[PDB]
Structures are given as C-alpha cells and as structure tokens.
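Below, each value reflects all heavy atoms present in this structure, side chains not excepted, and no hydrogens, waters or symmetry copies. Positions are given from 1, in the same order as the sequence printed here.
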Amino acid sequence: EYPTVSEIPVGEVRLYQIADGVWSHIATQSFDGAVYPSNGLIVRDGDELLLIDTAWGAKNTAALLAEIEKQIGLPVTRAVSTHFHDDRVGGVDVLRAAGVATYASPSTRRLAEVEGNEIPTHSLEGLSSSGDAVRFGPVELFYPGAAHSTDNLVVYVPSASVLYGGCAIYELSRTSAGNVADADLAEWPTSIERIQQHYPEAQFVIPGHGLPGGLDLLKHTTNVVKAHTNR
Ligand SMILES: O=C(O)c1nccn1Cc1ccc(C(F)(F)F)cc1
Ligand SMILES: [Zn+2]
Ligand SMILES: [Zn+2]
C-alpha cells in the first residue's frame, strides 16, 4: 500500500515502486504546526538514477540517499527541483555534498535565492514559457504555467506513462487549498488544462503531497482551487 503520513516518522523516507525503473519517495515534515507527507520521484537513467525533488529538508534528504543506496544501489547523479519551496530544494546542499549535480529552471534558482532557500547549481534551459517541454534523460520536463507557484514544473516518464504533478496537483482527499501565498489562483486552472492537453495518456498521476491517482486528480485540483477563489 502507498505509505501515508502517519506511517513515516519525520526523518525517515519510504520508497514506492510505481513501475520498472520508476519509484516515488515519500517523506514527512512539520509545517505551520502540523506534519505533512511529501512525494518526489526516482527514475532509472541507464546505470544512474535521476532524482526529482528533495525529501523536504537536509535530514530527510540524507535519509533518502541512504534508502536509495540500500534498496536500489545505483548512484543518484542528477536531481531536478520542480519549484523553489523547501519541499523541493530543501536538501540540495546535502545532494551537492554527496556528489549529485542539482538542476532547476532559471526562475526557480532565482526565486530560491530571493527566498533564502538552497539553490540548485545548474540552470535548465528551454522552460521559460508556458507549454515548453524539454527532455532530461529518461523524463520530459514541462512548464505548464503559473499554478501552485509561478515556476512549478511537472515531469513525465514516457516508459511507464507516469505523470509527476508536483505541488500543482492535489491528492483526492485534499478538499481545501490551505496556504497559497505564492500561488497564481487565476492561472492555476489554465495551467492544469495545459497538463491535461499535453499528457492525455498518463496512467499514474503523482501529486506533490499524498496518494497517487489518475488524471482525475487534475479535475479535482481545479475544483478545489476554483472553490477557494469563489470564497
Ligand atoms: O501545499 C503544498 O504544496 C505544501 N507544501 C508544503 C506544505 N504544504 C501544504 C500541504 C497541505 C496539505 C497536504 C496534504 F494533506 F495533502 F498532504 C500537504 C501539504
Ligand atoms: Zn510549494
Ligand atoms: Zn508542497
């Protein structure tokens, strides 16, 4: 079963096999007085591993690397952060110290600097405008437009039809937007429409936080985001 928030003490990381050579990583962290789960992705990249997002903090990200070594045993050589918040870049300094080359869009690197968050080393080119897609090893990176944040990326694994939505996509059980300080509520539904249009074949959809689902998570997120904008 997919691990839930109460099953992971803060500081531990679980891996979940989605498909051949495709895993999510699940961690937990405190935020605004509660503890929340958070997802990232791991994709086999030949003899190496590509990491999508940190495990939300230095300690968790160190535990992530240890669990990957224990369970998969291939080196993590590159990591992409899908936006500038701490559940995506928190732990980049640990990754860099471990020998991982860290990447993000120029916007994400800039926003992380402005916010005082950790800054991935390398800039991803070709993602500056809504609808842009680039290949990065075994995945496609897609910028759908502003949503959860202005810089948020999504990631698609063609070999398994896996769509990692990041924090732009909510889990089914989440019925409120909660904290949306950095969101673009007006653009979020349009950005979700671009995801739907670009990845209509997605079979597994991973939200930034919580349980995987299918393309229904896109319509669900639009519902929640709009309901928040109505009142
Ligand atoms: O919304 C975000 O992206 C976020 N990042 C860090 C903290 N949050 C708030 C958040 C709200 C609800 C959940 C859920 F209950 F779904 F697990 C998880 C996280
Ligand atoms: Zn975020
Ligand atoms: Zn988040």
Side-chain angles (χ1 to χ4, degrees), residues 2-6 8 10 24 26-41 52-57 81-90 104-105 107-108 110-112 114-117 127 129-132 141-156 162-200 202 204-230:
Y2 201 85
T4 67
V5 55
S6 68
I8 311 172
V10 175
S24 61
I26 310 90
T28 50
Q29 192 52 264
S30 53
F31 174 82
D32 284 350
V35 164
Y36 296 91
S38 186
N39 299 313
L41 207 67
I52 310 298
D53 287 329
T54 65
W56 197 353
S81 293
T82 59
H83 67 275
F84 71 99
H85 288 152
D86 277 324
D87 51 339
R88 312 297 143 197
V89 299
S105 75
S107 298
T108 295
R110 178 84 262 265
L111 286 165
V114 170
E115 200 78 348
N117 295 347
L127 293 167
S129 302
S130 302
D132 284 351
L141 312 175
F142 184 63
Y143 174 55
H148 168 86
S149 63
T150 63
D151 59 326
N152 46 205
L153 304 180
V154 306
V155 182
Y156 191 70
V162 171
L163 174 60
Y164 174 73
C167 297
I169 303 301
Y170 285 0
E171 65 167 336
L172 239 192
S173 65
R174 183 176 178 176
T175 56
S176 51
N179 195 324
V180 284
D182 297 325
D184 191 326
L185 290 178
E187 288 295 340
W188 200 332
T190 303
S191 300
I192 288 177
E193 284 178 348
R194 297 198 180 89
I195 301 169
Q196 167 68 240
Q197 290 297 289
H198 209 270
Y199 299 114
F204 202 82
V205 178
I206 303 163
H209 305 271
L211 299 176
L215 286 172
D216 56 304
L217 296 193
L218 274 59
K219 181 49 181 296
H220 165 67
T221 304
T222 300
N223 290 339
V224 176
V225 172
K226 285 183 167 181
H228 181 279
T229 311
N230 291 350

For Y143, all residues meeting side chain to side chain donor-acceptor pair (under 3.5 Å), sequence neighbours excluded: none
Qualifying residues under ring pair (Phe, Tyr, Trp, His ring centres under 6.0 Å), relative to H220, sequence neighbours excluded: none
In residues 208-215, what donor-acceptor pairs under 3.5 Å come from side-chain atoms, sequence neighbours left out?
unit_1: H209; atom_1: ND1; unit_2: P37; atom_2: O; d: 2.7
unit_1: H209; atom_1: NE2; unit_2: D87; atom_2: OD2; d: 2.9

Partner set under side chain to side chain donor-acceptor pair (under 3.5 Å) for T221, not counting sequence neighbours: none
Separation between CG of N152 and CD1 of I195, rounded to the nearest 0.5 Å: 7.5 Å
Listed partners of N117 passing side chain to side chain contact (heavy atoms under 4.5 Å, CB included), at least two apart: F84, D86, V89, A112, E115
Residues in side chain to side chain contact (heavy atoms under 4.5 Å, CB included) contact with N179, at least two apart in sequence or another chain: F31, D32, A181
Side-chain donor/acceptor of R174 to backbone N/O of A177, under 3.5 Å: yes
From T82, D151, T150, residue fulfilling side chain to side chain donor-acceptor pair (under 3.5 Å) relative to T108: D151
Partner set under ring pair (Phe, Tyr, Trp, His ring centres under 6.0 Å) for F204, not counting sequence neighbours: none
Distance-minimising heavy-atom pair for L217 and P207: CD1-CD, 4.1 Å
Straight-line distance of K219 NZ to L172 CG, nearest 0.5 Å: 12.5 Å
Stepwise side-chain hydrogen bond (donor to acceptor under 3.5 Å, both in side chains) check, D182 with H85: CA-CA 10 Å; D182 297 325; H85 288 152; 2.8 Å; yes
Atom pair CG/OH of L163 and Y199 - distance to nearest 0.5 Å: 7.5 Å
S173: side chain to side chain donor-acceptor pair (under 3.5 Å) partners, not counting sequence neighbours: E171
Approximate separation, where rounding is to 0.5 Å, of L153 CG and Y164 OH: 10.5 Å
Any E187 side-chain heavy atom under 4.5 Å of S130 side chain: no
Partners passing ring pair (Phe, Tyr, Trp, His ring centres under 6.0 Å) against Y170 (at least two apart in sequence or in another chain): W188
Considering all heavy atoms, the nearest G178-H228 contact: O-NE2, 4.3 Å
Heavy-atom pair with the smallest gap, counting every atom of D53 and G40: CB-CA, 4.5 Å
Exercise: identify the closest heavy-atom pair between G131 and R194: N-CD, 4.2 Å
Residue list, side chain to side chain contact (heavy atoms under 4.5 Å, CB included) with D132, at least two apart or on another chain: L127, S128, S129
Spacing of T222 atom OG1 and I192 atom CD1 [to the nearest 0.5 Å]: 3.5 Å
Partner residues of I8 under the side chain to side chain contact (heavy atoms under 4.5 Å, CB included) criterion, sequence neighbours left out: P3, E12, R14, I26, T28
Closest non-hydrogen atom pair between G145 and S191, with its separation: C-OG, 3.1 Å
Minimum heavy-atom distance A55-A27, with the two atoms named: O-CB, 3.4 Å
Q29 side chain vs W56 backbone, donor-acceptor pair below 3.5 Å: yes
Residue list, side chain to side chain donor-acceptor pair (under 3.5 Å) with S24, at least two apart or on another chain: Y2
